[PDB]
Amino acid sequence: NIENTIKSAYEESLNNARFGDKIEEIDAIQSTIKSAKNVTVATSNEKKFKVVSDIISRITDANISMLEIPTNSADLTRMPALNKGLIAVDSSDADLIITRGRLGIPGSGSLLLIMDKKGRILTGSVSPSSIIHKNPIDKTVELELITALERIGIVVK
């Protein structure tokens, strides 16, 4: 479980022995994602929700839901994607939260995060502002999610 991998990693960083990631840490992240029973997507856009739900449904046996609470208030924070995720974390009992929003300030493009029930960040990906790169939003969200999963060893084809 990630509590365990986190506790062990914390103890070793202090030892100045943190010399790379471990397969156990990846395995724990994969397990957390695949075993999720209730997944919340921090969006109210039905088109983005469908893109996310269709992918996540292939790797979980979960109830997947949109977040009912609007999340635009997070756009007045330093890390909007993150804070949208925390709204879902703090107001529901989702096992897994998928959030997408601005990375940082206006113009900084998008960040997608997969977070666990405590708001811990498991994986993520970024995409450019639409000013910089024109792309259908559904293809953008799809690539973000597939990328975030691939980089912790989950391949969806």
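Numbers follow the displayed sequence, beginning with 1.
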Entry-level comparison of average CA B-factors, 106-114 and 26-34, reporting the higher stretch: 26-34
Entry-level comparison of average CA B-factors, 145-153 and 13-21, reporting the higher stretch: 13-21
Deposited CA B-factor, highest of 120, 48, 100, 58: 58
Peak C-alpha temperature factor (PDB record), options 63, 43, 125, 91: 63
